[PDB]
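An overview of the molecular structure
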Amino acid sequence: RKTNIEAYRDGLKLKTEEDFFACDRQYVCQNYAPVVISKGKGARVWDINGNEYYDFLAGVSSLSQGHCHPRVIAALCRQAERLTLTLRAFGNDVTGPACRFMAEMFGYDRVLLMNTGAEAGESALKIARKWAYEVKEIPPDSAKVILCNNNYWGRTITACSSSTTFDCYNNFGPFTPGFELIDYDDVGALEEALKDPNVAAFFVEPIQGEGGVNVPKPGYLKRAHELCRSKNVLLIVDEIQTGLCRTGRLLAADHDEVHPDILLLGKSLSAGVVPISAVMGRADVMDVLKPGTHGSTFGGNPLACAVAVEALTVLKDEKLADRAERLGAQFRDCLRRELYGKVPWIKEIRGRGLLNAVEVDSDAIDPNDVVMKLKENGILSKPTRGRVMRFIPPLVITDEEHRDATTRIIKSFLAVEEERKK
Amino acid sequence: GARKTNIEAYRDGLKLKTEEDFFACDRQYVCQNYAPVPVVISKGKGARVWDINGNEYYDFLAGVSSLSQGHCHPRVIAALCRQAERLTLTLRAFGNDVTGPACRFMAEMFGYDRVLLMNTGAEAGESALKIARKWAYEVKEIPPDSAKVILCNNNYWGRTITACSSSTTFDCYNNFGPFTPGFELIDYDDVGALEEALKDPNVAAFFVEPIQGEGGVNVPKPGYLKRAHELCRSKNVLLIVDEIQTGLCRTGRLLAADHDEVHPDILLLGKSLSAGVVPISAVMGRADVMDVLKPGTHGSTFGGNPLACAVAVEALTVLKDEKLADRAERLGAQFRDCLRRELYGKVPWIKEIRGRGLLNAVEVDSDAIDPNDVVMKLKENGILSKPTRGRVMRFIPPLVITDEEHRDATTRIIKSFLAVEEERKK
Ligand SMILES: Cc1ncc(COP(=O)(O)O)c(C=O)c1O
Ligand SMILES: Cc1ncc(COP(=O)(O)O)c(C=O)c1O
Ligand SMILES: OC[C@H]1O[C@@H](O)[C@H](O)[C@@H](O)[C@@H]1O
Ligand SMILES: OC[C@H]1O[C@@H](O)[C@H](O)[C@@H](O)[C@@H]1O
Ligand SMILES: OC[C@H]1O[C@H](O)[C@H](O)[C@@H](O)[C@@H]1O
C-alpha cells in the first residue's frame, strides 16, 4: 500500500531538487536557509537523483547509531503496533522499566522523560529553581542560574533570555530574568559568579556545540564541579550533543571524571527516530517535582521508551565509544598533517571523538566555498557561526568508509585553496 | 527467526509479574510528577486498552485528545514503519522529499500560507509567542521590549518557564520564578474584559482556547470567539487560537473555531496531528506574520522530521476518510443528552454536564462526594479516565469509537455515577 504522503507527493510532480526547494519556499516557515535527501542508511544518504553522500552532520549528533538502524526500526515498529501512548495519568508496562534501564546505565536515582532538548533544559532549570527555593531556602523569586556565553540549549523564550547570540534573542523579549552569563572555559569567572548565595545552578556543555565545537581545557569541568559543590550549587551538564559516545566516552563529562548533579540527554537517545530527552538526578533534587507541578503529554510515551532502550543498547553492543575515540584521533591527525601549513586560512582543527571542527578565516575565504566543494566530493555538512566547519558522522561509520571520507574532506580543503591561488 | 527487542528482554529479566511490581518500579525510577490511575496498560487498539492482568477498558482520556484516531491506528502505524525504513531525520539544514509536501498538505487542508512544524504543544505555544512578539516589534512597530500578550485565567498551554509565567494555576507556577514578563491575564468568556485589555496599544496578541481543556472543559458562550476576533482585528492584534486539544474533529468540526466561523490569525495544532504516535505540533499563519521568523531566528532538531511528517499526513487523512467530525458531533450530542436525562434528576452532586462533540465533562461537587470514588467506580465498570482540577470528570474517547462501543461505554458510565449515589444515600 502507498502511504498518503507518497500518493500526495506523486500528484505534485516534484521531479528536480529545485521543485522541492520551491515547494519549501512557498509552504514551509522560512526560518532555515542545497540538497534533497530521500534515503539514509548508516553513514550514507542518497539524494532524489540517486547520488550518494556521507552525512557528516548526523542530526547534529542525533544519528550516532546511523540512519535507519535495523534494530532501532524493529523496536519502533514492534512497540508501535502494540501501544504508543497512555499518558503518565495511567501506568503502562514500558515507562518504568525504561527509566530503570536509564537510571542504571547512567548512575542516577530518578529519570524525567521529556521530548526535546529544549524541554529537558527548561525542566532542569525548573528543578534547579524549586530546589533552590525549597531545599536551599533562598529568598522567593531570587534564584539565579549561571550559563556561558555562546551556549545553546533551545529556542524557548527562556532559552532566548539566556542566549548571547543576537539572532536567538533579538525582538523576542521581554526576557525571563535570573541568568548570569560568563565566559566559557574560565574558572575565575565561574568562582566570581559563585559568590552570589542565590545561585541555584551552573549550566554548562562539556564542549560547546552550536557555539563552535569549543573544547575547553582538560580538567575544566572537574574544577567547575568542585567550585559548585563547595557553594552548594548544582552542576547541570548538558550532554544532548556530546553524550552517548560521541566524544569517545559514554558521557563527555567522563573525560574530566565528573558525575553531573543534573544530567541532560537527548538526540541520539532515540537514534534520531523520535524526539525523546531525559533529565536525571539524585532523589533529593528530582523529588521537588511533585504531582501536578510538571507534565508533558508525550513525555515518557511507551513508543519513545522502547526506541530509546534499543538505541542505548546499540551504543554498548557496537562499542561505539571505542570507535569514536579511535577514528576521531585519526581524523584530527590526518587533517593536521595534510592541511596545517598547506592551507593558511585554517585557523584551528579541534574536537574530541567524532565531534570535530575546522574553523576557517572567513576574511580570507568564503566558508560556503568549502561547503559546496565538500558536497561536490560526496560530503554533506553545514557549518555553525558562518566559519566553523563541522564534521560529525554517525559513529557506526566503518573503517573503510571513514578513510574514504577523510580523503574526500582533505581533498576538498585543498581544492578550495588551489582555486584561491588562481 | 524469533527474537526479543531490548525493551522486552530487559523487562522480562526484571521479573515483573503483578501490577504492584510495576507500580513499585515506577515509584523508584521515574520522576514522581504524576498521580496516575492505578492501572498498567499493555495494549491499546482503537477505543480499547488492556492491562497486564488482561482486564479490558474503554479509554476515556485518549491522551487528552491525542488519540482521536484510536490507539495504534493500522494506517498510521503502517505509514510510520514504511517511512522509518527509508529516512527519519535530516534536519532542516538539508532538504528532503517529505517535509515540504507535508507542509503543503497541511497548508491546503487548513487554509494557511505557511506552516511551522515543531514537536510539542508547549513548543508550538512558545513559537507562536515568539512570532507575535517579533511581528509586534517589526511590523506593528511597538516600542522595544514592551509587547504584551493577553491570555485567559485557567489557560493551559505548556510547562516551560514562560508558560508558568502566564499561568494562574498555583502548582504550575509556584517556586519556578522569576517569571517572563509581558502577560496580561483576563477572565475567559468575557468580552468586556478582553475589550478593556485591548485599549493598551502594546498588545501583540490574544492567545485563547475555543474551549478550555485543562481548565475544566469550559465552553464559552456562542459567538465569544467571533467577537474576540472582531475586537482583535479592529486593534491590529493577532488572534492566536490554540486547537491542540479542541482541533482535528474533536468538537464535531475540523477546528473548534469553525463553530464561530473564525479563521485564526495564528493556529496551533498538535496531539492528534500524529494520532498519538509521535510528538508533532504546528503553527500556521499568513505570510506577512510567519515570515518574521528569518533564517537563524528559530529552529528545532526534530521539528519537521520526515518520520513525523509522514505520520501526520496519514493521521490527518484518517480524520477525513473516517468522517470523524460527523461521528463526534453525533455521538457527543447523544452522550450529553443521555447523561442529562439519566443523571441530573437523580444525582444531586453533579453540577453540570457540558462539552461539544466528544469533548465532554461532568463537574461534580467535591464538598459532597469524593471525586476519586467516581474515578474508581468507573474503572471497576471498565472505563478509564482522569479528572482535571480535582472535580471535573473528563469523557474524551477516541473518535473512532463504534456506535456499539459508545452505547456500551455510556451505559457503564451512567451506572458508575448512579452507584456512587446509591452509596452516598446510605
Ligand atoms: C547541547 C544542546 N542542547 C540542547 C539542544 C536542543 O535540542 P532540540 O532541538 O532537541 O530542542 C541542542 C540541539 O541542537 C544541543 O545541541
Ligand atoms: C490546548 C493545549 N495547549 C497546549 C498543550 C501542550 O501540549 P504538550 O503537552 O504536547 O506540550 C496541551 C496539552 O496538554 C493542550 O491541550
Ligand atoms: O524556474 C522555475 C523554478 O521552479 C521550478 O518550477 C523549476 O522546475 C525550476 O527549474 C526552477 O527553480
Ligand atoms: O511486521 C511489522 C514489524 O513487527 C516487528 O515485530 C518486527 O521485528 C519488525 O521488524 C516488523 O517491521
Ligand atoms: O462492543 C460492545 C462490547 O461490549 C461487551 O462488553 C462485549 O463483552 C464486547 O465483546 C463487545 O464487543
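Residues numbered from 1 in each chain as written, not as in the entry; some residues may be left out. Chains lettered and ligands numbered in written order. Heavy atoms only, no water.

1. Re the overall build of chain B
Rules: Comment: elements are numbered from the N terminus, with helices defined as DSSP H or I runs of at least four residues and strands as E runs of at least two. When a residue's accessible area, from a 1.4 Å probe over protein chains only, is under 20% of the maximum for its type it is buried; when over 50% it is exposed; and in between it is partly exposed. Here, two residues are considered to be in contact whenever any of their heavy atoms come within 4.5 Å of each other. The protein chains shown are the only cover counted for residues, whose accessible areas, like all others here, come from Shrake-Rupley with a 1.4 Å probe. Under this rule, positive means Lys or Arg and negative means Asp or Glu; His and the chain ends count for nothing. To locate a charge, the coordinates of NZ of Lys, CZ of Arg, CG of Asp or CD of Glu are taken.
For chain B, the helix and strand inventory stands at 15 helices and 15 strands. Its C-alpha atoms put chain B at 65 × 60 × 45 Å along the principal axes. Split into buried and exposed, the 426 residues of chain B put 65% on the buried side. Here the contacts in chain B between residues at least 6 apart in sequence split such that 74% fall between residues at least 24 apart. With the model as given, the accessible surface of chain B reaches about 14700 Å², and the carbon-plus-sulfur share is 47%. Across chain B, the centroid of the 55 positively charged side chains sits 2 Å from that of the 58 negatively charged ones.

2. Looking at the UniProt feature "binding site: pyridoxal 5'-phosphate" (unreviewed entry) in chain B
For the record, the criterion: UniProt positions are given in the numbering used here, feature names are shortened, and annotations may be inferred rather than shown by experiment.
Per the UniProt record, "binding site: pyridoxal 5'-phosphate" (unreviewed entry) is found at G121(B), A122(B), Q245(B) and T301(B). A maximum C-alpha distance of 24.2 Å is found for the annotated residues, which run over 181 residues; spatially they are spread out rather than grouped. Summarising the element assignment, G121(B) is placed in helix α6 (residues 121–138). When near neighbours in sequence (up to four residues on either side) are disregarded, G121(B) contacts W157(B), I244(B) and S281(B). Its location among the elements puts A122(B) in helix α6. Residue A122(B) is classed as buried on the basis of its relative accessible area of 11%. Excluding residues that lie within four positions of it along the chain, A122(B) makes contacts with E119(A), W157(B), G158(B), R159(B) and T160(B).

3. A closer look at the packing of helix α5 (residues 95–106) of chain A against helix α2 (residues 19–29) of chain B
Stated precisely, the cut-off is as follows: Working convention: axes come from line fits to C-alpha atoms, limited for helices to the stretch in contact. Angles between N-to-C directions cover 0 to 180 degrees. Orientation categories follow fixed angle ranges, with anything under 35 degrees roughly parallel, anything over 145 roughly antiparallel, 65 to 115 roughly perpendicular, and all other angles oblique. When the near helix sits turned anticlockwise from the far one by under a right angle, the crossing is termed left-handed; a clockwise turn instead gives a right-handed crossing. Residues are grouped as follows: nonpolar covers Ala, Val, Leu, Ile, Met, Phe, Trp, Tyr, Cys and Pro; charged covers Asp, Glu, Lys and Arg; every other residue, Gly included, is treated as polar.
Put simply, α5(A) and α2(B) touch, their axes get as near as 8 Å, and they point 40° apart. Judged by the inter-axis angle, α5(A) sits oblique to α2(B). Read as a crossing pair, α5(A) and α2(B) show a hand that is left-handed. Side by side, α5(A) and α2(B) meet where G96(A), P97(A), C99(A), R100(A) and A103(A) of the first sit next to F22(B), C25(B), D26(B) and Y29(B) of the second. Residues of the contact of α5(A) with α2(B), tallied by class, amount to 6 nonpolar, 1 polar and 2 charged.

4. Here we look at the domain arrangement of chain B
Residue and element names in this part refer to chain B. Formally: Residue ranges for the domains originate in an automatic or database domain assignment. By convention, the term buried area covers the 1.4 Å-probe accessible surface removed from two parts as they join, with the contributions of both added. By definition, a salt bridge exists where a carboxyl oxygen of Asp or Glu is found within 4 Å of a side-chain nitrogen of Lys or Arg. N or O atoms closer than or at 3.5 Å make up a polar contact, with two conditions inside protein: a donor-capable atom paired with an acceptor-capable one, and, for residues adjacent in sequence, both atoms drawn from side chains.
As far as domains go, chain B holds domain 1 (1–72 + 324–426) and domain 2 (73–323). The C-alpha centroid of domain 2 is placed 27 Å from the C-alpha centroid of domain 1. In total, about 2700 Å² of surface goes out of reach between domain 1 and domain 2, with carbon and sulfur atoms giving 52% of it. The largest contributions to the domain 1 side of the interface with domain 2 come from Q69, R356 and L359, which together make up 30% of the buried area. Connecting domain 1 to domain 2 are 1 salt bridge. Two residues, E214 and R394, come together in a salt bridge whose shortest N-O distance is 3.8 Å. There are 25 residue pairs in polar contact connecting domain 1 and domain 2. Looking at the side of domain 1 that touches domain 2, the elements with two or more residues in it are α3 (62–65), α13 (324–344), β12 (350–356), β13 (359–364) and β15 (392–395). Ranked by residue count, the leading element in the side of domain 1 that touches domain 2 is α13, at 6 residues. Across the side of domain 1 that touches domain 2, the residue classes tally to 16 nonpolar, 11 polar and 7 charged.

5. Quick notes on the packing of aromatic side chains
Rules: Pairing of aromatic side chains requires ring centres within 6.5 Å, counting the rings of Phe and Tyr and the six-membered ring of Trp. Pairs whose planes differ by under 30 degrees are stacked, by over 60 edge-to-face, and all others tilted.
Counted according to the given criterion, the structure contains 18 aromatic pairs over all chains. Relative to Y10(B), the ring of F101(A) lies with its centre 5.2 Å away and its plane at 90°, an arrangement referred to as edge-to-face. In this pair, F101(A) is assigned in helix α5 and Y10(B) in helix α1 (residues 6–14), connecting two distinct chains. Across this residue pair, the class does not change: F101(A) and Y10(B) are buried.

6. Digging into the site of ligand 5
Residue and element names in this part refer to chain B. Quick reminder of the rule: Near residues are defined by distance, with any heavy atom within 4 Å of the molecule or strand qualifying the residue.
Every residue close to ligand 5 is listed here: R48, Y58, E404, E405, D408 and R412. Between ligand 5 and the protein, one listed contact pairs an oxygen atom with a side-chain N or O atom of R48 at 3.2 Å. Burial of ligand 5 by the protein amounts to 50% of the accessible area it has alone, namely 310 Å². Looking at the shell around ligand 5 residue by residue, the class counts come to 1 nonpolar, no polar and 5 charged.

7. Focus on the domain arrangement of chain A
Residues and elements named next belong to chain A. Assigned domains of chain A: these are domain 1 (1–68 + 320–422) and domain 2 (69–319). Across the boundary between the two partners, domain 1 contributes 34 residues, which contact 34 residues of domain 2. For the pair domain 1 and domain 2, the two sides together bury roughly 2700 Å², of which 51% comes from carbon and sulfur. Area buried by domain 1 at its contact with domain 2 is led by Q65, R352 and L355, which between them contribute 30% of it. Across the contact surface, domain 1 and domain 2 share 1 salt bridge. Here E210 and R390 are joined by a salt bridge, their closest N and O atoms 2.9 Å apart. For the pair domain 1 and domain 2, the number of links is 25 residue pairs in polar contact.

8. Regarding the interface of chain A and chain B
Note on interface size: it is often stated as the accessible area lost on association of the parts. Inclusion rule: Pairing between two strands is assigned when DSSP locates at least 2 bridges connecting them.
Contact with chain A, which involves 127 residues of that partner, is made by 128 residues of chain B. In total, about 11700 Å² of surface goes out of reach between chain A and chain B, with carbon and sulfur atoms giving 60% of it. It is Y27(A), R88(A) and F90(A) in chain A that bury the most area against chain B; as a group they hold 7% of the surface buried on that side. Taken together, the connections running from chain A to chain B amount to 5 salt bridges. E8(B) serves as the salt-bridge partner of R78(A), at 2.8 Å between the closest nitrogen and oxygen. Where chain A meets chain B, there are 65 residue pairs in polar contact. Of the residues assigned to the side of chain A that touches chain B, the class counts are 61 nonpolar, 36 polar and 30 charged. As paired elements, strand β4 (residues 90–92) of chain A and strand β1 (residues 37–45) of chain B share 3 bridges and run parallel to each other. Of the residues in β1(B), the one forming a bridge with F90(A) is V37(B).

9. Here's the deal with the nonpolar core
Burial of nonpolar side chains together is a common tendency in soluble globular proteins. Under the convention used in this document: Here, nonpolar core refers to any group of buried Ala, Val, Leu, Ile, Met, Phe, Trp, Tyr and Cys residues whose side-chain atoms link them within 4.5 Å.
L76(A), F202(A), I409(A), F413(A), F110(B) and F417(B) are the most contacted members of the largest nonpolar core, which totals 196 residues. Look past the residues within four positions of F417(B) in its chain and what remains in contact with it is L343(B), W349(B), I350(B), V362(B), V364(B), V374(B), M393(B) and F395(B). The next biggest cluster of nonpolar side chains, apart from the first, holds 35 residues, and it includes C160(A), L129(B), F207(B) and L238(B).

10. Structural notes on the environment of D238(A)
All names here are of chain A. For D238, the position within the fold is in strand β9 (residues 234–238). A relative accessible area of 7% means that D238 is categorised as buried. As for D238 and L227, which are separated by 11 residues in sequence, their C-alpha atoms are 18 Å apart. Beyond its immediate sequence surroundings of up to four residues, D238 is in contact with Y152, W153, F203, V204, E205, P206 and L264. Of note is the side chain of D238, whose polar atom sits 2.9 Å from the backbone nitrogen of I240.

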